[PDB]
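Report on the structure
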Amino acid sequence: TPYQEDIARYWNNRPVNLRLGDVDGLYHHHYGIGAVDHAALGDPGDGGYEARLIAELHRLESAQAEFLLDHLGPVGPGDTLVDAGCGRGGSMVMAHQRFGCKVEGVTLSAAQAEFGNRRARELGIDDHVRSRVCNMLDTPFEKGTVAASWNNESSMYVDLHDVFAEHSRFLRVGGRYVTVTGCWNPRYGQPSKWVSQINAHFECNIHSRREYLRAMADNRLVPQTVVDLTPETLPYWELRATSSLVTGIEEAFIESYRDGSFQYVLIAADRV
Amino acid sequence: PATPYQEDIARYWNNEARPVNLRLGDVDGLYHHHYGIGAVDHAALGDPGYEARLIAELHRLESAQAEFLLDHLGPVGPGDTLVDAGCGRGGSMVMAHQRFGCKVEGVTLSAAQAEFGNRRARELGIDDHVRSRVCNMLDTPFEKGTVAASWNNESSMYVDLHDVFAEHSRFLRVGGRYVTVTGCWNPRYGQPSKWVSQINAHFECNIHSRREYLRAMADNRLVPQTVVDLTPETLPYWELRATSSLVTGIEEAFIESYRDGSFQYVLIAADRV
Amino acid sequence: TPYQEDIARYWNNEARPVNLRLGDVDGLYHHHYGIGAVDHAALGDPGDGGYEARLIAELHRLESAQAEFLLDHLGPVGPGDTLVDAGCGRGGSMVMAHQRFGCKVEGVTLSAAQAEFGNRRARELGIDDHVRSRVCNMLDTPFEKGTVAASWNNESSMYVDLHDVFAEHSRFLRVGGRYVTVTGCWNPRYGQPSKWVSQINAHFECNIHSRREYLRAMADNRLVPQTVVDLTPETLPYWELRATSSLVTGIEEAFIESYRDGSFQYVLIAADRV
Amino acid sequence: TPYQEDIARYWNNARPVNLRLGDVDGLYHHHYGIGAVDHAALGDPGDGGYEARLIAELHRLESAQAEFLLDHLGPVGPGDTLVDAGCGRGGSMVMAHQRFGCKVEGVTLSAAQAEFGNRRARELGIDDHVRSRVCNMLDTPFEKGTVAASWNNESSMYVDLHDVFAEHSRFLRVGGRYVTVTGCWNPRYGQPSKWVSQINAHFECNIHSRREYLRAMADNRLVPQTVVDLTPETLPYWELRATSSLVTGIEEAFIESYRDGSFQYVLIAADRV
Amino acid sequence: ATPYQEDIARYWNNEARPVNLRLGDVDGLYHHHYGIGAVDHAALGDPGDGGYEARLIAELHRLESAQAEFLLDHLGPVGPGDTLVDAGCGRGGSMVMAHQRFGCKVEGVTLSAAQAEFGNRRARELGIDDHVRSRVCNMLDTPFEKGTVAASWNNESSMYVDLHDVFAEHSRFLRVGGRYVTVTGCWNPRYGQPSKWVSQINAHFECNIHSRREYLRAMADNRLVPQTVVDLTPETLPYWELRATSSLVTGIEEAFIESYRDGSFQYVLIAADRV
Amino acid sequence: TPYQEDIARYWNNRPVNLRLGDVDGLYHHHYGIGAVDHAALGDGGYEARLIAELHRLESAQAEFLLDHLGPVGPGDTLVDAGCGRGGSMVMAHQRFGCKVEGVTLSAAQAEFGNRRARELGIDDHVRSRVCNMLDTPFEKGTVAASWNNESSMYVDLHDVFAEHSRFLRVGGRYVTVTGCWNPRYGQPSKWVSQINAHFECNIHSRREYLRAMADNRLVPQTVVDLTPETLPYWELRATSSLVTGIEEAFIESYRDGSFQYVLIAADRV
Ligand SMILES: Nc1ncnc2c1ncn2[C@@H]1O[C@H](C[C@@H](N)CC[C@H](N)C(=O)O)[C@@H](O)[C@H]1O
Ligand SMILES: Nc1ncnc2c1ncn2[C@@H]1O[C@H](C[C@@H](N)CC[C@H](N)C(=O)O)[C@@H](O)[C@H]1O
Ligand SMILES: Nc1ncnc2c1ncn2[C@@H]1O[C@H](C[C@@H](N)CC[C@H](N)C(=O)O)[C@@H](O)[C@H]1O
Ligand SMILES: Nc1ncnc2c1ncn2[C@@H]1O[C@H](C[C@@H](N)CC[C@H](N)C(=O)O)[C@@H](O)[C@H]1O
Ligand SMILES: Nc1ncnc2c1ncn2[C@@H]1O[C@H](C[C@@H](N)CC[C@H](N)C(=O)O)[C@@H](O)[C@H]1O
Ligand SMILES: Nc1ncnc2c1ncn2[C@@H]1O[C@H](C[C@@H](N)CC[C@H](N)C(=O)O)[C@@H](O)[C@H]1O
Ligand SMILES: CC(C)=CCC/C(C)=C/COP(=O)(O)OP(=O)(O)O
Ligand SMILES: CC(C)=CCC/C(C)=C/COP(=O)(O)OP(=O)(O)O
Ligand SMILES: CC(C)=CCC/C(C)=C/COP(=O)(O)OP(=O)(O)O
Ligand SMILES: CC(C)=CCC/C(C)=C/COP(=O)(O)OP(=O)(O)O
Ligand SMILES: CC(C)=CCC/C(C)=C/COP(=O)(O)OP(=O)(O)O
Ligand SMILES: CC(C)=CCC/C(C)=C\COP(=O)(O)OP(=O)(O)O
Ligand SMILES: [Mg+2]
Ligand SMILES: [Mg+2]
Ligand SMILES: [Mg+2]
Ligand SMILES: [Mg+2]
Ligand SMILES: [Mg+2]
Ligand SMILES: [Mg+2]
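Report follows, based on the coordinates. (Residues numbered from 1 in each chain as written, not as in the entry; some residues may be left out. Chains lettered and ligands numbered in written order. Heavy atoms only, no water. Residues with missing side-chain atoms left out of burial classes, pairs and counts.)

**Looking at the site of ligand 7**
All names here are of chain B. Threshold: Whether a residue is near a molecule or strand depends on its heavy atoms: it is near if one of them lies within 4 Å of it. Polar contacts here mean pairs of N or O atoms no more than 3.5 Å apart (in protein, one a potential hydrogen donor and the other a potential acceptor; neighbouring residues in sequence count only if both atoms are side-chain atoms). Polar here means any residue outside two lists: the nonpolar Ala, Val, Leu, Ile, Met, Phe, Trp, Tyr, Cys and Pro, and the charged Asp, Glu, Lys and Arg; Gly therefore counts as polar.
The environment of ligand 7 is formed by 15 residues, the closest being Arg-18, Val-20, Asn-21, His-33 and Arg-241. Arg-18 is positioned such that a nitrogen or oxygen atom in its side chain is 2.7 Å from an oxygen atom of ligand 7. Here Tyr-35 contributes a side-chain N or O atom positioned 3.2 Å from an oxygen atom of ligand 7. When the residues that make up the shell around ligand 7 are grouped by side-chain class, the tally is 8 nonpolar, 4 polar and 3 charged.

**Some details on the packing of aromatic side chains**
The condition that has to hold: Between 30 and 60 degrees the pair is tilted, below 30 it is stacked and above 60 it is edge-to-face, where a pair is any two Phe, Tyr or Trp rings, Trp via its six-membered ring, whose centres lie within 6.5 Å. Here a strand is any run of E in DSSP of at least two residues, a helix any run of H or I of at least four, and the numbering for each starts at the N terminus. Classification of residues uses two cut-offs on accessible area relative to the type maximum, computed with a 1.4 Å probe and protein chains only: under 20% is buried, over 50% is exposed, and between them is partly exposed. Only when the NZ of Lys or the CZ of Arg is both within 6 Å of the ring centre and within 35 degrees of the ring normal is a charge said to sit over the ring.
A full pass over the atoms with the stated rule returns 91 aromatic pairs over all chains. Their ring planes at 55° and their centres at 6.3 Å tell us that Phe161(F) and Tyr209(F) sit as a pair that is tilted. One end of the pair, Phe161(F), is in helix α6 (residues 157-167); the other, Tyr209(F), is in helix α8 (residues 206-214), with 48 residues separating them in the sequence. Judged by relative accessible area, which is 0%, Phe161(F) ranks as buried. Centre to centre, the rings of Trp234(F) and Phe250(F) are 4.0 Å apart; their planes meet at 15°, and the pair counts as stacked. Remark: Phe250(F) occurs in helix α10 (residues 247-256) and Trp234(F) occurs in helix α9 (residues 227-237); sequence separation between them is 16 residues. The two residues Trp234(F) and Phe250(F) agree in class, both being buried. Each residue in the set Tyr31(A), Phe202(A), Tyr236(A), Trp237(A), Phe253(A), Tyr257(A) and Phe262(A) is aromatic and connected to the rest through ring pairs, giving one cluster. If you follow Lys194(B) out to its NZ or CZ, it ends over the ring of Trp195(B), 4.4 Å from the centre. One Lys or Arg, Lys195(C), reaches over the ring of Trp196(C) and ends 4.4 Å from the middle of that ring.

**Looking at the interface of chain C and chain B**
Interface size, as often reported, equals the accessible area lost upon joining of the parts. To be explicit about the condition: Only heavy atoms matter for contacts: two residues are in contact if any of them lie within 4.5 Å across the pair. Summed over both partners, the accessible surface that disappears when two parts come together, traced with a 1.4 Å probe, is what is meant by buried area. Salt bridges are counted wherever a side-chain nitrogen of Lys or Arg sits within 4 Å of a carboxyl oxygen of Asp or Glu.
If you look at the interface, chain C gives 23 residues, while chain B gives 23 residues. Together, the buried faces of chain C and chain B total about 1700 Å²; carbon and sulfur atoms form 55% of this surface. If you sort the residues of chain C by the area they bury against chain B, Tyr3(C), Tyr190(C) and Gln192(C) come out on top, with a joint share of 34%. At the junction of chain C with chain B, the criterion picks out 0 salt bridges. Taken together, the links from chain C to chain B amount to 6 residue pairs in polar contact. For the side of chain C that touches chain B, the element with the highest residue contribution is helix α8 (residues 195-204) of chain C, accounting for 5 residues. By residue class, the composition of the side of chain C that touches chain B is 9 nonpolar, 7 polar and 7 charged.

Rendered as structure tokens:
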């Protein structure tokens, strides 16, 4: 909990995030994947370059969010979805618009919760999409009532075994769990300074790919897909590294992705 | 002669050389005892109006997946050593060497397949790099952490997952890479469907669930880097083979099980942590 | 579930004479096999018209014999105790159990047909208020924690995951309670499942486990075996006799042969809920 | 080891209730018996040679269980090797050899018992097949999977179950057979009753629960083939011994604990998978 | 429910040993453990006095209340709103001290209906019966709700149950971040196996002593991370040697003293956090 | 291994360390415990006296560690996982007169250790060598006692304890002084993460230490929190000029209890 408060007294308090959500209305708090489109990007000497760069970055960010939903498997309007650490509800809205089902979000930031519902009412879907302040480790959802859940870059803030144990609980048998995250590669040995820098920067705790796989195995979660998206997210960062929205953590990511001490992966497992 | 089962599973491959695996291995010289992946080039194939071209197409797909497997062995130099658990006739071994120019140690229960492999190995003039030998993949002679990469290309249904991965984990160097292409019944389905059981009775093997594969690896310091379902890629191969005359009579079991999702063809590449 | 949905359809139909014509002479319809020597006396000679009629009786006797043998390992059980039958079939064992202990006997099966058949026959005996079968997955039963005095799996554990099934029994089973199971498992001493075993799996569309899995699964679920006996020699007679009858289903060989070379074995395990 | 040290003390030190029985067959056993008592040929207290007949009866029952144990070692030829963890004076070892004519390696902590065993072994002219040696059953010199069958006849209460079974599992050949006759407190009872604790304090040992035995075996690739409770078979032995004059003063603890079911005498025969 | 406990309950439903009651009278606090800390021989003047034995009982009781106090020192911060649990509370000696020191709720649990009533009886006298309460119940299956207990402990009562099951329970009703403490005697795994001395103690109290190894592993398997692990053998030795010369002797003094000497048995204290 | 190269580099490549080693002759790469000799310290050559005080505290904890190695004769062998420059190794030998095998990833530290070892004329008893503490050459159960003095944050707990448990004799003694984030706090606080990024290491939770030992036949005999004892050391070092810039992270984390300095001595069961 003492750490939980650290996270709450954090997210309840950037440009590189809001200005992008300002274009679509979809506010994301994760990273992008995909080939940069230097077509619509234009050159650095145009009256509205930075404006086009923000659009490109946001596109990539919405791109991975969409990519995540592709692994939630078949899901009808009667099913319920859970978003552990939903942020401002960006992914939640997309999910609903795409499946027209119930989407329950959960976050530690009362600010993010309200922001999500606020934006939810505007779209007139507040009765299907709802964010609430709650710890993803102890959620109110009943056993096996959720068709699919996921963690889009929010698993570095909690204990893997405990979090997957929860998902496994409220997740229906045969249900689908997905997660996009950054984990230090066990093949490298131990967390490199780069990774530690990212932890100190976001005040989180990155896990190894080994922990992710073992944690899932110990919680009746059998991976159906395990793909390394590092090559897909590299473009996003290198582009963001040249912008002015830079937060100062770009190097840590780019470098760690380069030497392979850190990796961006996606895992979709079944609730067996 | 480890166990009574491995006596039958050994006598099997020692006394069984079907046309569907030889006639194909003939076109190249590389003999394969597994299945293929990828789309079918019907253009260059033509219609049944041919059989010689069909064998080439089937063989292409089979060599295609073998190549696909090697793509997941990661970087490997001429100084590294590779192990092939249940190498069969050495098809994959030859390709591996030609592609990396390193040592390739194969291991099989069939003395026939072993000799066949080395025989063909001498012809290519690589017998001093590529070598097959009669031995149980569960108790191999390779020393601890001396192997750069190993794999199981459709041969893990003949042994206990924990024991086999435990062995690989042993002789495999820290940071090494392990890969495996296999067919496992989907735990999402519940239990092995009749189709799967039919395949077991046909090949006298024991197919595992995707759950066992993942847990077994986790219990043996094997962290999966890639886990892809190749069912959609292998379907074409079977449907085509189903129309040929090389048919062995197990085509239906595969096609059907792949269809209803009770059985799946997957590829897993994990690191030796 | 997709798999279980398959076993439901399988049994909803069935109607094998080798199974009904035997439970007719008693009302105790069993869907398992039998142990014990053969009473060739009451058997007689094949050159008789009522021979087949006597063969069915003999086979049924052996089948009811093992069912009785199973109950012998449930330990002391009074009229106030509750018993569970994972995969009860038509209720053959359930009726015997009640008649023998006069207690509650809750059965559970995937076949709605078998369920109704069981209750139907249950009302005839006038015990429907003590013996009841219901359509439900033995892996997720409605019985409350530690309220069951004893439960068992009479040839039905090949249709589910051992850890999950024993975990359930361990749940609703009272501390100190007794669990029993009669099943066929491939002997790990042999190495791997022989073709014979695989043939049996494909035939019944099931999934036989190794004796190793049974023991480990129980150990991981607070189930300590009190008795572990190999009944292969006791069930052999049953099969060899059935192999000569006309009720033959075509899987007789697989069993006989696998039992012979020791790749497959018929065992009974009775463990305590620690 | 400090424990083993003083467990060796005990053993380097001759109960009449032990030697006097073994002096009738040359079969020096150090355990208890099973089987119903033959009152007829036993005798009536109203006679002189009664006690002499009682010793014979008790010894018979003790050799009876030893024989019963060997019945669970499965097939074993003259070429096979057997191990006796905590062999005592070699009683069971001699019987084993005479019955299978194979190598029988014994191991004990008591140098006295070792020499006694070999001494008696030379007399029978089998010292080149049957041999006892001072060594800890937890760290034996036998090579991996070279033993056809091993066992613990009332000697597992002196060591850690996981470690001891781990050892047996090591030197035991795959498919080999392990057997053990012992007394363990029934987990069904809850915890060790005073009776059991009294037995521990008496023999300076550490009785385990039936739960530990089963779990320990499962964790060491030992799958039980047979698990039978011999309490009813050993009761007669004790009740008879309770009336004799060889009484050591621990008879009650056993009889009572067997009665209330807090303690049980069981036999377990498992395969080395 | 269960043969064994069925006994333990019967066992304690008799008790009445003077080496317990005469020592609990001097103060009003009725303990059922042993003491720690050096002995004040000076306070035990002219052995040839009608008051020596009276002073010896006071000294022994002091040492016994001393360790009880020492245990509470490891319960960490605890306010009047928190709830504490005493697995195998005995007559409530430690419970009363705990409350007087923290003024919070103290739930005790024992198998002896006699000890339970005695505890509440004495609890009403102090006028704290609405905060301190003992009840007949198995510490392995307690009625307390999940994570509602701020701190719990086992003061020499863990030898009567299965470590994994008991710690699993504590871990259940114990709040996340909560504190668990336990003072007990366990045979040192460094010695090998339970020496006769230990077995004698088991047969004497009809219990089942565990190894320090089981304690540590059992806790690790139940989300209980030890913050402190101290061997109090040297601190409890004085208590026994003194008690060995008294007339309250129960006949188990030697087993303890000797086992503590050769190191086959040890008196330890463990304070872990509920992670 | 790739990570090992990083750490190797780190060490092959400070004054606050060697300066203090100049006085006694012992070179420690850890920290100190115990109260400060506030009086006899100062308020001209103040800095010279401050270095002596800091070094005293550092040698103090090193000594404190050896106190938990239990009885050890001249015939016994000791292992120092991540020995650094051999400071603790020398003290150990001078105190027990036995064999002291050290192991480090830095060839520089290894040679420095042996160099200094020859000067004291004990090179035939005390020896440092370049090797990974996870895969040491020592034979099974031949070591009487081993330890990790602030070096366990550079390796996997299960693997490292598994090794110690291997070469360590049954009944042997293992000790370790380290900093671990308190699981009671929840997760690693920024302070801890800052320390990781600073030393390029990976701090573990007290939970991992205890579980890892339990899984490797290592039963803790003593578990004491030395945070209050090491606080003085840091606050004093925070005012000196040897400051490396990581002082705050430590002091603060120790304060809010998100990070703790503990000592664990377990037996090889
Ligand atoms: N323990 C926790 N319980 C619930 N939510 C948390 C917890 N820790 C962090 N979070 C939230 O997880 C989210 C992580 C963010 N990167 C947002 C992820 C979100 N999927 C998005 O795409 O925006 C933030 O809202 C954090 O506040
Ligand atoms: N237990 C075993 N140990 C070693 N080899 C085995 C074992 N079981 C089966 N095999 C061999 O593994 C191979 C399985 C075949 N499907 C061939 C696979 C081979 N990788 C190929 O693609 O040609 C055959 O050579 C089997 O004889
Ligand atoms: N998952 C399941 N849940 C409930 N019942 C099942 C399940 N799987 C199989 N069964 C039933 O288990 C029974 C197995 C049969 N051999 C009957 C066993 C029964 N004890 C008897 O001897 O009559 C059948 O009724 C199956 O339908
Ligand atoms: N750690 C040990 N290693 C080897 N033997 C032991 C050990 N501890 C006890 N023993 C022996 O275990 C034996 C137990 C006796 N009851 C003899 C058993 C023997 N199987 C018999 O049938 O007589 C004694 O000879 C002990 O010396
Ligand atoms: N299974 C059990 N469940 C609950 N309490 C038990 C159980 N077994 C023993 N006890 C209690 O353990 C207690 C141990 C006694 N030494 C009292 C300890 C108590 N902390 C005291 O200081 O008095 C006894 O009061 C027993 O009643
Ligand atoms: N894999 C490794 N094998 C051996 N040593 C290592 C390894 N990783 C890190 N280290 C050592 O970790 C040590 C950390 C130092 N603080 C040790 C100081 C030492 N305990 C002393 O007080 O002198 C460095 O000296 C490294 O040499
Ligand atoms: C997909 C699965 C589960 C494969 C198991 C391994 C196996 C029996 C290979 C045989 O291939 P083959 O090429 O030697 O024989 P076939 O003639 O059938 O191609
Ligand atoms: C140990 C093994 C292999 C058990 C098989 C369990 C099973 C499916 C029994 C059905 O018997 P049944 O009596 O209903 O059908 P049949 O009489 O035709 O065999
Ligand atoms: C748990 C069990 C059965 C322990 C028995 C230990 C034992 C055999 C002790 C002495 O040998 P002995 O039994 O030959 O001597 P005695 O018959 O005089 O007790
Ligand atoms: C240290 C160990 C193993 C204790 C277990 C036995 C126990 C609960 C003693 C305390 O009770 P008590 O104080 O009433 O007993 P006694 O009358 O001997 O003081
Ligand atoms: C969690 C903790 C405390 C880990 C220890 C990290 C470490 C190597 C400290 C000593 O460094 P050093 O002595 O080489 O340099 P410094 O002068 O900073 O102590
Ligand atoms: C993948 C990892 C380790 C994430 C940890 C940080 C986090 C939860 C979000 C970062 O994106 P953001 O949009 O919320 O913040 P920013 O884009 O400003 O970095
Ligand atoms: Mg962003
Ligand atoms: Mg082929
Ligand atoms: Mg039938
Ligand atoms: Mg005797
Ligand atoms: Mg007392
Ligand atoms: Mg320093």
